[PDB]
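A.B. asks: Below you'll find run_13.csv; it's CSV, C-alpha atoms.
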chain,number,residue,atom,x,y,z
V,163,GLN,CA,0.0,0.0,0.0
V,164,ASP,CA,2.9,2.4,0.5
V,165,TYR,CA,3.8,2.3,-3.2
V,166,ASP,CA,0.2,2.5,-4.6
V,167,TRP,CA,0.2,-1.0,-6.1
V,168,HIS,CA,-3.4,-2.0,-5.3
V,169,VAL,CA,-3.5,-5.0,-7.6
V,170,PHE,CA,-2.0,-8.5,-7.3
V,171,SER,CA,-2.4,-12.1,-8.0
V,172,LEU,CA,-0.8,-14.8,-5.8
V,173,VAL,CA,0.1,-18.4,-6.6
V,174,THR,CA,0.6,-21.0,-3.9
V,175,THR,CA,1.9,-24.6,-4.0
V,176,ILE,CA,0.6,-27.4,-1.7
V,177,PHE,CA,2.9,-26.7,1.3
V,178,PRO,CA,2.0,-26.8,5.1
V,179,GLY,CA,0.4,-23.5,6.2
V,180,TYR,CA,-1.2,-22.4,2.9
V,181,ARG,CA,-4.6,-22.4,4.6
V,182,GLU,CA,-3.8,-19.9,7.2
V,183,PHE,CA,-2.0,-17.7,4.7
V,184,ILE,CA,-4.8,-17.7,2.2
V,185,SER,CA,-7.5,-17.2,4.9
V,186,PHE,CA,-5.6,-14.3,6.5
V,187,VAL,CA,-4.9,-12.5,3.1
V,188,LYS,CA,-8.6,-13.0,2.3
V,189,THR,CA,-9.8,-11.6,5.6
V,190,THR,CA,-7.5,-8.6,5.6
V,191,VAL,CA,-8.3,-7.4,2.1
V,192,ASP,CA,-12.0,-6.9,2.6
V,193,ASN,CA,-11.7,-5.5,6.1
V,194,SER,CA,-9.5,-2.7,4.8
V,195,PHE,CA,-10.7,0.6,3.2
V,196,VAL,CA,-7.7,0.9,0.9
V,197,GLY,CA,-9.7,-0.7,-1.9
V,198,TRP,CA,-7.6,-3.6,-3.1
V,199,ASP,CA,-8.2,-5.1,-6.6
V,200,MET,CA,-7.1,-8.5,-5.3
V,201,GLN,CA,-7.3,-10.8,-8.4
V,202,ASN,CA,-7.5,-14.6,-8.8
V,203,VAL,CA,-5.6,-16.9,-6.4
V,204,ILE,CA,-3.8,-19.9,-7.9
V,205,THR,CA,-3.0,-23.2,-6.3
V,206,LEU,CA,-0.8,-25.6,-8.3
V,207,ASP,CA,-2.6,-28.9,-7.7
V,208,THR,CA,0.2,-30.8,-9.5
V,209,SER,CA,3.8,-29.6,-9.4
V,210,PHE,CA,5.7,-29.0,-12.6
V,211,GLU,CA,3.2,-31.0,-14.7
V,212,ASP,CA,2.1,-28.0,-16.9
V,213,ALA,CA,-1.3,-29.6,-17.4
V,214,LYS,CA,-3.1,-26.8,-15.5
V,215,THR,CA,-0.1,-25.0,-14.1
V,216,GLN,CA,0.9,-23.6,-17.4
V,217,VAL,CA,-2.5,-22.1,-18.3
V,218,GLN,CA,-2.8,-20.9,-14.7
V,219,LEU,CA,0.5,-19.0,-15.0
V,220,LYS,CA,-0.6,-17.6,-18.3
V,221,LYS,CA,-3.9,-16.1,-17.0
V,222,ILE,CA,-2.0,-13.5,-15.0
V,223,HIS,CA,-2.7,-10.0,-16.3
V,224,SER,CA,-1.4,-8.2,-13.2
V,225,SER,CA,2.1,-7.1,-12.4
V,226,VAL,CA,2.6,-8.0,-8.7
V,227,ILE,CA,2.7,-11.6,-7.6
V,228,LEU,CA,2.6,-12.8,-4.0
V,229,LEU,CA,4.2,-16.3,-4.4
V,230,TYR,CA,4.4,-18.5,-1.3
V,231,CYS,CA,6.2,-21.8,-1.5
V,232,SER,CA,9.3,-23.7,-0.5
V,233,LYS,CA,12.8,-22.6,-1.6
V,234,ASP,CA,13.3,-25.4,-4.2
V,235,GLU,CA,9.7,-25.0,-5.3
V,236,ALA,CA,10.1,-21.2,-5.7
V,237,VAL,CA,13.3,-21.7,-7.7
V,238,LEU,CA,11.5,-24.2,-10.0
V,239,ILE,CA,8.5,-21.9,-10.4
V,240,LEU,CA,10.6,-18.8,-11.2
V,241,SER,CA,12.7,-20.8,-13.7
V,242,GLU,CA,9.5,-22.0,-15.4
V,243,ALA,CA,7.9,-18.5,-15.4
V,244,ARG,CA,11.0,-16.6,-16.7
V,245,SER,CA,10.6,-18.3,-20.1
V,246,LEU,CA,6.9,-17.2,-20.2
V,247,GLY,CA,7.7,-13.5,-20.1
V,248,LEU,CA,6.2,-13.0,-16.7
V,249,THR,CA,9.4,-11.2,-15.6
V,250,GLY,CA,10.5,-7.8,-16.8
V,251,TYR,CA,11.2,-4.3,-15.8
V,252,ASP,CA,7.7,-4.1,-14.3
V,253,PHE,CA,7.1,-7.5,-12.6
V,254,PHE,CA,7.2,-7.4,-8.9
V,255,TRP,CA,7.5,-10.7,-7.0
V,256,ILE,CA,7.3,-10.8,-3.2
V,257,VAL,CA,7.8,-13.9,-1.1
V,258,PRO,CA,7.7,-14.8,2.6
V,259,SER,CA,10.8,-15.1,4.8
V,260,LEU,CA,10.8,-18.9,4.2
V,261,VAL,CA,11.9,-18.4,0.6
V,262,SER,CA,14.6,-16.1,2.0
V,263,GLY,CA,16.8,-18.8,3.3
V,264,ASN,CA,20.6,-18.8,3.2
V,265,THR,CA,22.3,-15.4,3.0
V,266,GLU,CA,24.9,-16.6,0.5
V,267,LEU,CA,23.0,-19.1,-1.7
V,268,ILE,CA,21.3,-17.0,-4.4
V,269,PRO,CA,20.4,-19.3,-7.2
V,270,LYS,CA,20.5,-18.6,-11.0
V,271,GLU,CA,16.7,-18.5,-11.3
V,272,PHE,CA,16.5,-15.5,-9.0
V,273,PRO,CA,15.9,-12.3,-11.0
V,274,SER,CA,18.0,-9.3,-10.0
V,275,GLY,CA,15.6,-7.4,-7.7
V,276,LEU,CA,12.9,-8.9,-5.6
V,277,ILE,CA,11.4,-8.1,-2.2
V,278,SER,CA,11.2,-10.5,0.8
V,279,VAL,CA,10.9,-9.6,4.5
V,280,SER,CA,13.1,-11.5,6.9
V,281,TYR,CA,14.2,-11.3,10.5
V,282,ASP,CA,17.1,-9.0,11.3
V,283,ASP,CA,20.5,-10.6,10.8
V,284,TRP,CA,22.8,-7.8,9.7
V,285,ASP,CA,22.0,-5.9,12.9
V,286,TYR,CA,21.2,-7.3,16.4
V,287,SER,CA,24.4,-9.1,17.0
V,288,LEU,CA,24.4,-12.3,19.0
V,289,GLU,CA,25.9,-10.9,22.1
V,290,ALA,CA,23.1,-8.3,22.4
Q,163,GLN,CA,-12.4,-12.1,-41.2
Q,164,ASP,CA,-15.8,-13.7,-41.9
Q,165,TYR,CA,-15.7,-15.2,-38.4
Q,166,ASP,CA,-14.3,-12.0,-37.0
Q,167,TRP,CA,-11.1,-13.2,-35.4
Q,168,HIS,CA,-8.6,-10.6,-36.7
Q,169,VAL,CA,-5.9,-11.2,-34.1
Q,170,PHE,CA,-3.5,-13.9,-35.2
Q,171,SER,CA,0.1,-15.0,-35.3
Q,172,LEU,CA,2.3,-16.3,-38.2
Q,173,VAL,CA,4.5,-19.0,-36.8
Q,174,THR,CA,6.4,-20.7,-39.7
Q,175,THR,CA,9.7,-22.4,-40.6
Q,176,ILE,CA,12.4,-22.1,-43.3
Q,177,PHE,CA,11.1,-23.3,-46.6
Q,178,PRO,CA,11.0,-21.9,-50.2
Q,179,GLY,CA,8.3,-19.3,-50.7
Q,180,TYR,CA,8.1,-18.5,-47.0
Q,181,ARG,CA,9.4,-15.0,-47.5
Q,182,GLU,CA,7.0,-14.1,-50.3
Q,183,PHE,CA,4.3,-15.7,-48.3
Q,184,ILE,CA,5.0,-13.5,-45.3
Q,185,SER,CA,5.4,-10.3,-47.4
Q,186,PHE,CA,2.1,-11.0,-49.3
Q,187,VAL,CA,0.3,-11.6,-46.1
Q,188,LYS,CA,1.6,-8.4,-44.6
Q,189,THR,CA,0.8,-6.3,-47.6
Q,190,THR,CA,-2.7,-7.8,-47.9
Q,191,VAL,CA,-3.3,-7.1,-44.2
Q,192,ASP,CA,-2.2,-3.5,-44.5
Q,193,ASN,CA,-4.2,-2.6,-47.7
Q,194,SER,CA,-7.7,-2.5,-46.3
Q,195,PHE,CA,-9.8,-0.9,-43.5
Q,196,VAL,CA,-11.0,-3.7,-41.3
Q,197,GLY,CA,-8.2,-3.5,-38.8
Q,198,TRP,CA,-6.3,-6.7,-38.5
Q,199,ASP,CA,-4.1,-7.0,-35.3
Q,200,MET,CA,-0.7,-8.1,-36.6
Q,201,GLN,CA,1.7,-9.5,-33.9
Q,202,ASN,CA,3.7,-12.5,-33.0
Q,203,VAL,CA,5.6,-13.3,-36.2
Q,204,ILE,CA,7.7,-16.4,-35.6
Q,205,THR,CA,10.1,-17.8,-38.1
Q,206,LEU,CA,12.1,-20.4,-36.2
Q,207,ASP,CA,14.9,-21.8,-38.3
Q,208,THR,CA,17.3,-23.3,-35.8
Q,209,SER,CA,16.2,-26.9,-35.6
Q,210,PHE,CA,13.8,-27.8,-32.7
Q,211,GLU,CA,16.0,-28.3,-29.6
Q,212,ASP,CA,17.3,-24.9,-28.4
Q,213,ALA,CA,15.6,-22.3,-26.1
Q,214,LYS,CA,14.6,-20.0,-29.0
Q,215,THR,CA,11.9,-22.5,-30.1
Q,216,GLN,CA,10.7,-22.7,-26.5
Q,217,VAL,CA,10.5,-19.0,-25.9
Q,218,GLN,CA,8.9,-18.4,-29.3
Q,219,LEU,CA,6.2,-21.0,-28.5
Q,220,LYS,CA,5.6,-19.6,-25.0
Q,221,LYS,CA,5.4,-16.0,-26.2
Q,222,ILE,CA,2.2,-16.4,-28.4
Q,223,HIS,CA,-1.0,-16.2,-26.5
Q,224,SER,CA,-3.7,-15.6,-29.2
Q,225,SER,CA,-6.4,-18.0,-30.2
Q,226,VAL,CA,-5.8,-17.9,-34.0
Q,227,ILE,CA,-2.6,-19.5,-35.1
Q,228,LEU,CA,-1.5,-19.6,-38.8
Q,229,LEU,CA,1.3,-22.1,-39.6
Q,230,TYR,CA,3.3,-22.8,-42.8
Q,231,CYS,CA,5.6,-25.8,-43.0
Q,232,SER,CA,6.5,-28.8,-45.1
Q,233,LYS,CA,4.8,-32.1,-44.1
Q,234,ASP,CA,6.9,-33.7,-41.4
Q,235,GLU,CA,8.1,-30.2,-40.2
Q,236,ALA,CA,4.5,-29.3,-39.5
Q,237,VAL,CA,3.7,-32.5,-37.7
Q,238,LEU,CA,6.9,-32.2,-35.5
Q,239,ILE,CA,5.9,-28.6,-34.7
Q,240,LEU,CA,2.4,-29.6,-33.7
Q,241,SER,CA,3.8,-32.5,-31.6
Q,242,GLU,CA,6.0,-30.0,-29.8
Q,243,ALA,CA,3.2,-27.4,-29.4
Q,244,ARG,CA,0.7,-29.9,-27.9
Q,245,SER,CA,2.9,-30.3,-24.9
Q,246,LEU,CA,2.7,-26.6,-24.3
Q,247,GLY,CA,-1.1,-26.5,-24.2
Q,248,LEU,CA,-1.7,-24.2,-27.2
Q,249,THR,CA,-3.9,-27.1,-28.5
Q,250,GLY,CA,-6.8,-26.5,-26.2
Q,251,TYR,CA,-10.5,-26.2,-27.0
Q,252,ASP,CA,-10.3,-22.5,-28.2
Q,253,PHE,CA,-7.5,-22.5,-30.7
Q,254,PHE,CA,-7.3,-22.8,-34.5
Q,255,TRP,CA,-4.7,-23.9,-37.1
Q,256,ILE,CA,-5.3,-22.9,-40.7
Q,257,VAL,CA,-2.2,-24.6,-42.3
Q,258,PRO,CA,-2.1,-23.9,-46.1
Q,259,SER,CA,-2.4,-27.1,-48.1
Q,260,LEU,CA,1.1,-28.5,-47.3
Q,261,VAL,CA,-0.1,-31.2,-44.9
Q,262,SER,CA,-3.0,-32.4,-47.1
Q,263,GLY,CA,-1.6,-35.0,-49.5
Q,264,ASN,CA,-4.1,-36.3,-52.0
Q,265,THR,CA,-6.1,-38.5,-49.7
Q,266,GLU,CA,-7.1,-39.1,-46.1
Q,267,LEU,CA,-3.5,-39.8,-45.1
Q,268,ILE,CA,-3.4,-37.4,-42.2
Q,269,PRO,CA,-0.7,-38.2,-39.6
Q,270,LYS,CA,-1.8,-39.9,-36.5
Q,271,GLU,CA,-0.5,-37.1,-34.2
Q,272,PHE,CA,-2.6,-34.5,-36.0
Q,273,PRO,CA,-5.1,-34.1,-33.1
Q,274,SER,CA,-8.3,-33.0,-34.9
Q,275,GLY,CA,-10.1,-30.0,-36.2
Q,276,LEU,CA,-7.4,-28.6,-38.5
Q,277,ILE,CA,-8.8,-26.0,-40.9
Q,278,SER,CA,-7.5,-26.2,-44.4
Q,279,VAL,CA,-8.1,-25.3,-48.0
Q,280,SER,CA,-7.2,-27.4,-51.1
Q,281,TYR,CA,-8.1,-28.0,-54.7
Q,282,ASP,CA,-11.4,-29.8,-55.4
Q,283,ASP,CA,-11.5,-33.3,-56.7
Q,284,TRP,CA,-15.0,-34.6,-55.7
Q,285,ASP,CA,-17.0,-31.9,-57.4
Q,286,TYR,CA,-14.7,-32.2,-60.4
Q,287,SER,CA,-13.9,-35.5,-62.1
Q,288,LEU,CA,-11.2,-36.2,-64.6
Q,289,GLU,CA,-13.8,-37.2,-67.1
Q,290,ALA,CA,-14.9,-33.6,-67.1
Can the structure from this file be put into structure tokens for me?
C.D. replies:
Amino acid sequence: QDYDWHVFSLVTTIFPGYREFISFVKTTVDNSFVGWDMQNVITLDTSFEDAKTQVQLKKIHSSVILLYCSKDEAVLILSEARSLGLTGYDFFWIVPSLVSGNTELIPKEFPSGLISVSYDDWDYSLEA
Amino acid sequence: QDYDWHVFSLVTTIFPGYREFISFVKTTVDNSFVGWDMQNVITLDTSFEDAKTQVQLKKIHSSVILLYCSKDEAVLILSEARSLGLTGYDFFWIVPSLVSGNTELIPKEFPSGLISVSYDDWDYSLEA
């Protein structure tokens, strides 16, 4: 909301905790007066099968995607979607802290520039 | 245009007459006022194994597809394209003669519903 991006479409794999995430994001959108244009949600029933996953990825007319999945699953999904043109100078992915794993293991399927919140690690030294 | 589809792509391959085919198509498109939407011109000519074919196949998103190939080239292209999903229930292929033979010798991998035009032999007999 702080950048005036009131439109998004999120895609979720079948990973523990998707129910709470989906329910919360559904409860917060309609209890807010910002006026979100929350578009279709996508749940990949079969992973990397392209039966319905491919058409599901194709039917994304928005620009901001709230992907939530595991690290390997996220890498695979980004690699698949890069060759579909869903990445560019205006294509904003945001992922939960789980995807933000190791601080020195950036894969080759990660586009240069993406936003993911995480717990403080650079500051708040262990002794403190 | 009689069915009012207008938007279409022009995926093809390397074969004699392809260049004049493309140029004539473009000139005929431009020299009228009905407003055809011209986009997604694909002229893959680098075998069928590299990433250029994959990205070219993924880029198209229209429902009207016009192909032009030579027999086995067309069948191989269609066998590759079916695995992407462009062969759903709302897509058309209007291949020009080429894969028509002189009988009902369609290849087994030709799915169904292929629109085509050809010379008449049943309303015109050799005796006439």
A.B. asks: Quick check: residues of chain V within 8 Å of chain Q, only C-alpha atoms, returned as a ChimeraX atom specification.
C.D. replies: /V:212-213,216-217,245-247
A.B. asks: Work out how far CA of residue 169 (chain V) is from CA of residue 241 (chain V), in Å to one decimal.
C.D. replies: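 Spanning CA of residue 241 (chain V) to CA of residue 169 (chain V) is a straight-line distance of 23.4 Å.
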A.B. asks: Could you jot down the CA of residue 227 (chain V) to CA of residue 250 (chain V) separation for me, Å, one decimal place?
C.D. replies: 12.6 Å
A.B. asks: If you measure from CA of residue 201 (chain V) to CA of residue 201 (chain Q), what distance in Å do you get, rounded to one decimal?
C.D. replies: 27.1 Å
A.B. asks: Applying 10 Å and only C-alpha atoms, which residues near region 265-273 of chain Q remain after dropping the ones on its own chain fewer than 4 positions away? List them as a PyMOL selection string.
C.D. replies: chain Q and resi 233-234+236-238+240-241+244+249+261
A.B. asks: Find the spatial neighbours of region 191-194 of chain Q, counting all atoms listed in the file, within a cut-off of 12 Å - ignore same-chain residues fewer than 4 positions away - and output them as an NGL selection string.
C.D. replies: :Q and (163 or 168-170 or 184-187 or 198-201)
A.B. asks: Given the choices Q:239, Q:276, Q:203, Q:288, which gets closest to residue 173 (chain Q) if the distance is worked out from only C-alpha atoms?
C.D. replies: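 For residue 173 (chain Q), the nearest of the given residues is Q:203.
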A.B. asks: For residue 256 (chain V), which residue among V:228, V:211, V:283, V:243 is the nearest when counting all atoms listed in the file?
C.D. replies: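 Of all the options, V:228 lies closest to residue 256 (chain V).
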A.B. asks: Please tell me which residues are no farther than 6 Å from (2.0, -20.9, -42.8) in the file, counting only C-alpha atoms, and write them as a list in words.
C.D. replies: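 Residues found, by chain and rising number: residues 174, 228, 229, 230 and 257 of chain Q.
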A.B. asks: Could N, CA, C and O atoms be built for region 175-194 of chain Q and written out as a PDB file, keeping the file's coordinate frame?
C.D. replies:
ATOM      1  N   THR Q 175       8.320 -21.871 -40.576  1.00  0.00           N
ATOM      2  CA  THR Q 175       9.700 -22.400 -40.600  1.00  0.00           C
ATOM      3  C   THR Q 175      10.365 -21.955 -41.869  1.00  0.00           C
ATOM      4  O   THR Q 175       9.808 -21.192 -42.664  1.00  0.00           O
ATOM      5  N   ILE Q 176      11.599 -22.406 -42.055  1.00  0.00           N
ATOM      6  CA  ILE Q 176      12.400 -22.100 -43.300  1.00  0.00           C
ATOM      7  C   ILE Q 176      11.979 -23.079 -44.347  1.00  0.00           C
ATOM      8  O   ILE Q 176      12.058 -24.299 -44.158  1.00  0.00           O
ATOM      9  N   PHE Q 177      11.536 -22.552 -45.482  1.00  0.00           N
ATOM     10  CA  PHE Q 177      11.100 -23.300 -46.600  1.00  0.00           C
ATOM     11  C   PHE Q 177      10.926 -22.401 -47.813  1.00  0.00           C
ATOM     12  O   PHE Q 177      10.549 -21.240 -47.613  1.00  0.00           O
ATOM     13  N   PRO Q 178      11.174 -22.845 -49.045  1.00  0.00           N
ATOM     14  CA  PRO Q 178      11.000 -21.900 -50.200  1.00  0.00           C
ATOM     15  C   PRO Q 178       9.634 -21.355 -50.283  1.00  0.00           C
ATOM     16  O   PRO Q 178       8.635 -22.043 -50.060  1.00  0.00           O
ATOM     17  N   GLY Q 179       9.574 -20.069 -50.613  1.00  0.00           N
ATOM     18  CA  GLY Q 179       8.300 -19.300 -50.700  1.00  0.00           C
ATOM     19  C   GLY Q 179       7.837 -18.779 -49.375  1.00  0.00           C
ATOM     20  O   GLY Q 179       6.820 -18.076 -49.366  1.00  0.00           O
ATOM     21  N   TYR Q 180       8.525 -19.057 -48.266  1.00  0.00           N
ATOM     22  CA  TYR Q 180       8.100 -18.500 -47.000  1.00  0.00           C
ATOM     23  C   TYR Q 180       8.191 -17.002 -46.948  1.00  0.00           C
ATOM     24  O   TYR Q 180       7.318 -16.330 -46.387  1.00  0.00           O
ATOM     25  N   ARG Q 181       9.240 -16.441 -47.552  1.00  0.00           N
ATOM     26  CA  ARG Q 181       9.400 -15.000 -47.500  1.00  0.00           C
ATOM     27  C   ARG Q 181       8.369 -14.260 -48.279  1.00  0.00           C
ATOM     28  O   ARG Q 181       7.778 -13.295 -47.781  1.00  0.00           O
ATOM     29  N   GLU Q 182       8.110 -14.695 -49.513  1.00  0.00           N
ATOM     30  CA  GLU Q 182       7.000 -14.100 -50.300  1.00  0.00           C
ATOM     31  C   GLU Q 182       5.684 -14.321 -49.659  1.00  0.00           C
ATOM     32  O   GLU Q 182       4.814 -13.448 -49.715  1.00  0.00           O
ATOM     33  N   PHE Q 183       5.491 -15.489 -49.045  1.00  0.00           N
ATOM     34  CA  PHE Q 183       4.300 -15.700 -48.300  1.00  0.00           C
ATOM     35  C   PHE Q 183       4.074 -14.683 -47.210  1.00  0.00           C
ATOM     36  O   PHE Q 183       3.009 -14.057 -47.123  1.00  0.00           O
ATOM     37  N   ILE Q 184       5.108 -14.448 -46.402  1.00  0.00           N
ATOM     38  CA  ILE Q 184       5.000 -13.500 -45.300  1.00  0.00           C
ATOM     39  C   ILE Q 184       4.760 -12.085 -45.851  1.00  0.00           C
ATOM     40  O   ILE Q 184       3.901 -11.351 -45.348  1.00  0.00           O
ATOM     41  N   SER Q 185       5.510 -11.692 -46.883  1.00  0.00           N
ATOM     42  CA  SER Q 185       5.400 -10.300 -47.400  1.00  0.00           C
ATOM     43  C   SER Q 185       3.995 -10.108 -48.003  1.00  0.00           C
ATOM     44  O   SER Q 185       3.389  -9.051 -47.789  1.00  0.00           O
ATOM     45  N   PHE Q 186       3.481 -11.082 -48.757  1.00  0.00           N
ATOM     46  CA  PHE Q 186       2.100 -11.000 -49.300  1.00  0.00           C
ATOM     47  C   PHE Q 186       1.097 -10.880 -48.223  1.00  0.00           C
ATOM     48  O   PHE Q 186       0.148 -10.092 -48.310  1.00  0.00           O
ATOM     49  N   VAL Q 187       1.253 -11.695 -47.177  1.00  0.00           N
ATOM     50  CA  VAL Q 187       0.300 -11.600 -46.100  1.00  0.00           C
ATOM     51  C   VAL Q 187       0.312 -10.261 -45.433  1.00  0.00           C
ATOM     52  O   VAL Q 187      -0.749  -9.671 -45.190  1.00  0.00           O
ATOM     53  N   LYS Q 188       1.502  -9.710 -45.186  1.00  0.00           N
ATOM     54  CA  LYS Q 188       1.600  -8.400 -44.600  1.00  0.00           C
ATOM     55  C   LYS Q 188       0.958  -7.324 -45.441  1.00  0.00           C
ATOM     56  O   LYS Q 188       0.168  -6.497 -44.964  1.00  0.00           O
ATOM     57  N   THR Q 189       1.285  -7.328 -46.735  1.00  0.00           N
ATOM     58  CA  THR Q 189       0.800  -6.300 -47.600  1.00  0.00           C
ATOM     59  C   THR Q 189      -0.747  -6.389 -47.758  1.00  0.00           C
ATOM     60  O   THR Q 189      -1.438  -5.365 -47.764  1.00  0.00           O
ATOM     61  N   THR Q 190      -1.283  -7.607 -47.861  1.00  0.00           N
ATOM     62  CA  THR Q 190      -2.700  -7.800 -47.900  1.00  0.00           C
ATOM     63  C   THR Q 190      -3.396  -7.337 -46.635  1.00  0.00           C
ATOM     64  O   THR Q 190      -4.508  -6.796 -46.653  1.00  0.00           O
ATOM     65  N   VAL Q 191      -2.738  -7.576 -45.500  1.00  0.00           N
ATOM     66  CA  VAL Q 191      -3.300  -7.100 -44.200  1.00  0.00           C
ATOM     67  C   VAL Q 191      -3.355  -5.608 -44.181  1.00  0.00           C
ATOM     68  O   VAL Q 191      -4.365  -5.032 -43.757  1.00  0.00           O
ATOM     69  N   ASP Q 192      -2.299  -4.934 -44.638  1.00  0.00           N
ATOM     70  CA  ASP Q 192      -2.200  -3.500 -44.500  1.00  0.00           C
ATOM     71  C   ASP Q 192      -3.125  -2.739 -45.452  1.00  0.00           C
ATOM     72  O   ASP Q 192      -3.529  -1.605 -45.172  1.00  0.00           O
ATOM     73  N   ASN Q 193      -3.448  -3.340 -46.594  1.00  0.00           N
ATOM     74  CA  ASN Q 193      -4.200  -2.600 -47.700  1.00  0.00           C
ATOM     75  C   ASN Q 193      -5.658  -2.916 -47.594  1.00  0.00           C
ATOM     76  O   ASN Q 193      -6.256  -3.501 -48.499  1.00  0.00           O
ATOM     77  N   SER Q 194      -6.265  -2.465 -46.500  1.00  0.00           N
ATOM     78  CA  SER Q 194      -7.700  -2.500 -46.300  1.00  0.00           C
ATOM     79  C   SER Q 194      -8.019  -1.796 -44.995  1.00  0.00           C
ATOM     80  O   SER Q 194      -7.122  -1.504 -44.197  1.00  0.00           O
TER      81      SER Q 194
END
